[PDB]
Structure formats: C-alpha cells, structure tokens
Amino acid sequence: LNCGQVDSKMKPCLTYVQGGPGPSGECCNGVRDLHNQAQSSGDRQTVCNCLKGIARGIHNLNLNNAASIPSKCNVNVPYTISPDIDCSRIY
C-alpha cells in the first residue's frame, strides 16, 4: 500500500512503457495483482498517485504503451496511466 510496492509489482512493465514490445504476461500479472490489492477508495487513490509519480520518473516514457496497459491486460484500472492523471475523481 506504498509506492515501493506499486513500482515492484509494475517492474515487469518497464520495457513495454519505454517503447519496447508488450505487455508481457508478467506485466499483466503485476497490474492485475495491484488491482486486486487496491480494494478501497483510499487504496485506489494511493496507487493512482504512485503510478502518476512513477510515470513521471521513467526516462523516455512511451505514453501510448503506458496508457494501454489496463485494456491490453483486461484489468479495470479506473483512470488512464500517464504522468498527468487526475487522481482526485476516481469513481
């Protein structure tokens, strides 16, 4: 329930969000894991803000690939992954 945990679960997605092929099975597993673990509104907000800051800290972020993760992995993330997510209005 901290950004350390969030960046760990998402590490398998790193090559994909830097413009490489994907998302891998392991990447989709990481995001699905996070979704299952983020069961409350508070958890969803914390994970949102972690992902926004992480998106911001990734060198040469491929915006299209980053945004595509939830739909490509069939995970119901309630916002679009980018360096500029509005984490205030989830649900």
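Sequential numbering from 1, following the sequence displayed.
For the two regions 35-43 and 51-59, the entry's Cα B-factors average higher over 35-43. In this crystal structure, the stretch out of 64-72 and 18-26 whose C-alpha atoms carry the higher mean B factor is 18-26.
Sort the chain's modelled residues by C-alpha temperature factor and residue 1 lands in the highest third, per the entry. Placement of the Cα temperature factor of residue 86 within the chain: middle third of the modelled residues, per the deposited record.
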